[PDB]
Structures are given as structure tokens and as C-alpha cells.
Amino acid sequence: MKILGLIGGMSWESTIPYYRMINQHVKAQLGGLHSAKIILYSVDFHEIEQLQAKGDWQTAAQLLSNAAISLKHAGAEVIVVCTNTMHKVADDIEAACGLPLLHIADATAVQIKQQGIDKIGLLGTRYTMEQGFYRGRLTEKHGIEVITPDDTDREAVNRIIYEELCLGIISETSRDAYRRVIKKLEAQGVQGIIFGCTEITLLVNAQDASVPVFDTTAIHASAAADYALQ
């Protein structure tokens, strides 16, 4: 099996689901007492936060790129970034370390395609919803049309993540706001909705939509196990 290099700690709470699910998938596929071979570089989140606060994505890219190279030295054969948003620097990481990088958007696209879907709604941080790294990749690489909320609604979705969910605040009114945004996406004729942030799943679930939901973190973890065993 391939040794997976995970870059996490952003936050450590959202890294645990990867570690759990990759291991569960490997055990299911191989049986015995098998678990995944994982080398996880868990950074101090504060360092990344200070960089984001200064808009210094260059240095943030360097920090995670260096983690990837360290994982390569340790024997990792592929890189898995355990956060949707930090894929903002995935191209930098991949170019820097020379290992394959299992991109979260590509893993989601696989499942979307498997369901025959060509038009999807997308929820996440503003970065994830607006920028080329995730939304642009679904479309330009995989030919999937992506619909996001309007600006006022993206502001609310984003604020709730950083302001509440990230701090462990799970609000009923925030849930109702997401429920409304979901209905608006569905009104645009989307065939499914991507929950493109681990924390979103703390607030809403499959019962809050009338179309298939895609939990990108869970899908990414499953994809990572599949890759290790391929």
C-alpha cells in the first residue's frame, strides 16, 4: 500500500475525521488488522492564521510546501491536504514537492460524475466558493457547472464558518440561513450540493436538501484510502 502524506492541523479537529475515515476504509478493504500507512504533518494553526490575517498567502504556501517536502523525506508517496480552503495553495505545494497531490476537488468530481451530475451547487468559505482552485477546477477540468449563492448569501455562509462553526458555535438561526441558501441553489436547478467545508456538516446535512449532498471531507478521505490501495 502507498504511504499517504497528510498535511493537517487546520484545524486539528478537522484532521481527525481524515485519520479516522482513511483507516476505516483501509480496514474495510484489506481486513485482518490492517490500518493505513499515514505520515501526518500537523502544523500549528496559529502560524497559518497569522499569515492569512496579513494576506500573506505566499508565505502560507511556503509553510505547507515545506511540510510536504518533509513528508516526502519521511517516505510519503502522495500528498493529501486536510482542508478545503488551503487548496488555495495546492498548486504551489504540488509544484514544490514533486509528489502527486490528491486534490479535494478532483475527488469530489469523481463522485459527482458517478451520479451523472453536470450542474452542482457549492457551499464553503468565500475562497472555496469563488476562486479557481476549487470551483474553477470542477468546471475547467471536469466540465461540471458550478452554482454558488449570491454575494449577500456567500457573506452569510462565510461569516458563519469563521465566526461561529470554527469556534464550535452551532446556531439554530444559522442553520435556518443555510437551509434557505440551499433552497435558492436548488431553485437554480442544481442536481446536488457540495458541502465544501468540514464545519458546514456540523450545521446541516442530507436532510436539509432535496438533492444529493457531497461531504467533501468524507469523500476526500475515501479517495485517499482508495489511492493508497490502488
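Residues carry their position along the shown sequence, with the first being 1.
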Next on the checklist: Tell me which stretch has the larger mean Cα B-factor in this entry, 136-144 or 88-96.
Outcome noted: 136-144
Next on the checklist: Which is higher on mean Cα B factor in this entry, 51-59 or 166-174?
Outcome noted: 166-174
Checklist outcome for this item: The residue of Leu185, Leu40, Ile161, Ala68 with the maximal C-alpha B-factor according to the PDB record is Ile161
Checklist entry - Out of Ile219, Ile22, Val211, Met10, which one has a C-alpha B factor higher than all the others in the entry? => result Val211
Next on the checklist: Is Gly192 in the lowest, middle or highest third of its chain when residues are ranked by C-alpha B-factor?
Outcome noted: middle
Checklist entry - Split the chain's modelled residues into thirds by Cα B-factor; is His34 in the lowest, middle or highest one? => result lowest
Checklist outcome for this item: Of the three thirds of Cα B-factor ranks in this chain, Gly116 occupies the highest
Next on the checklist: Is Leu64 in the lowest, middle or highest third of its chain when residues are ranked by C-alpha B-factor?
Outcome noted: lowest
Checklist entry - Within this chain, which third does the Cα B-factor at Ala109 fall in: lowest, middle or highest? => result middle
